[PDB]
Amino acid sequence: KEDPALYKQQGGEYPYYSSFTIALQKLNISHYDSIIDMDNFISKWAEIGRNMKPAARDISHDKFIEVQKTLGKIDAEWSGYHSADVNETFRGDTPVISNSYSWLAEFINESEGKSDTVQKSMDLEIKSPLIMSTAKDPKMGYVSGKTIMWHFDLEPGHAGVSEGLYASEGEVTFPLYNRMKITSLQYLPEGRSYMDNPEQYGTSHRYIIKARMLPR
């Protein structure tokens, strides 16, 4: 009856996990179990982890092994986690994520400072490069003030779980490499609200990403 390995990634060691998955992106590693050049990975990982708030400073071969195994365990455990049964979830991100998603950077660059709303329809399937937390309610304070908001449509058989450290506060989490289909990007001028519903969505999002969470 072990606690979910997911807790290890969500707590105070988050910067180590976050920086590890960032390193996987930066080095184009296909899978966390298939890291051929340990030394180069560790070096990059350490660089990223020193810039986190709070700083991930104890990066080493031991910490490498710990993080890799934990990621492994999270995926091994995944089917045993409580599936979330909501139809939709929401996420707030800062503009930093434009650095991970070139389609988003482009759309932001083209849209920025326009006086009217703009949508761009998409059909792009991606594998998510993080373990991604999402909220049931877009009003949560950690979502509502962010520049970018995702609006997730959960398809039956999706991989979102109500499990871990903030499950009792409405957090639904998705696994590393979770499949999603980007269907729409929207731009919202200052003062404008998603779906023109300020009371639900506020006025702080400039960009909305609509996406579908696909079966596991």
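Each residue number is its position in the shown sequence, starting from 1.
Comparing the deposited coordinates for 113 to 121 and 85 to 93, the stretch with the larger average C-alpha B-factor is 113 to 121. The mean Cα B-factor in the deposited entry runs higher for 102 to 110 than for the other of 102 to 110 and 70 to 78. Looking at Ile182, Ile59, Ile148, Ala159, the one whose CA carries the top B-factor in the deposited record is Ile59.
In this PDB entry, the Cα temperature factor of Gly191 sits in the top third of its chain's modelled residues, the highest group. In the deposited entry, the Cα temperature factor of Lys210 places it in the lowest third of its chain's modelled residues. Compared with the other modelled residues of the chain, the Cα B-factor recorded for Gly49 ranks in the middle third. Per the PDB record, residue ranking by Cα B-factor puts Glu155 in the middle third of the chain. Sort the modelled residues of the chain by CA B factor and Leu176 lands in the lowest third.
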